[PDB]
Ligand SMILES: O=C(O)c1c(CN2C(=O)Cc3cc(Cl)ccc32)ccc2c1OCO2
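In the form solved without this ligand, a lone chain appears below as structure tokens.
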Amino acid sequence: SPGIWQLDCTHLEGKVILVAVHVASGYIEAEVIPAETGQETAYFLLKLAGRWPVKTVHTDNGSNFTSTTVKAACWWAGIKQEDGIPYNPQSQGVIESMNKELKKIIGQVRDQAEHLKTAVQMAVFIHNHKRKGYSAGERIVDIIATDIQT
């Protein structure tokens, strides 16, 4: 669906990269935080849902599913908070391969900035613009614009 996103948390350089993936398109937003907490996850989802029409979030683990602070942000922003269980088994693999691709890109730009957060945003840019043909950034806009026309 146009409104469905998946949370994903990966580690690099002793830091955490929190990723939101729009499942239908593969488009992503990401940020670097010192560690995953409910307050950091809640703030990231509030940012995401002010930028895209976020209807459902599959959370990345049971601590973020349970967290009262995350539940409060999902309430505030009108998001249905769901678990992230790969009922479809091809979902573990899909996230795994995105983390590996992101980390590959980060390493390809890593010497172009001191701080990891800059490299991660260069990787977000390269990921979203990569043509596979349409890019993920093209796909998400097409999907949502098609939705709005209904």
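Don't overthink the numbering: it's just position in the shown sequence, from 1.
Missing deposited residues between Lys132 and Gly133: 4 to 9, all without coordinates in the entry.
Two stretches are in play, 21 to 29 and 8 to 16, and the higher mean C-alpha B-factor belongs to 8 to 16.
Look at the C-alpha B-factors of 135 to 143 and of 122 to 130. On average they run higher in 135 to 143. By the numbers in the PDB entry, the CA B factor is greatest at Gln90 among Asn61, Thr56, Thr69, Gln90. For the set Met98, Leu46, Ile105, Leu116, the PDB entry puts the maximum C-alpha B factor at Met98.
Ranked against the other modelled residues of its chain, the C-alpha B-factor of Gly38 as given in the entry falls in the middle third.
From this point on, the text means the form solved in complex with this ligand, which you will not see here.
The closest non-hydrogen atom of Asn88 lies beyond 4.5 Å of this ligand in the bound PDB entry.
For the chain shown alone, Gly26 is a contact residue for this ligand in the bound PDB entry, at least one non-hydrogen atom being within 4.5 angstroms. Taking this ligand as it sits in the bound PDB entry, the stretch 85 to 118 comes within 4.5 angstroms of it through a non-hydrogen atom at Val94, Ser97, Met98, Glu101, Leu102.
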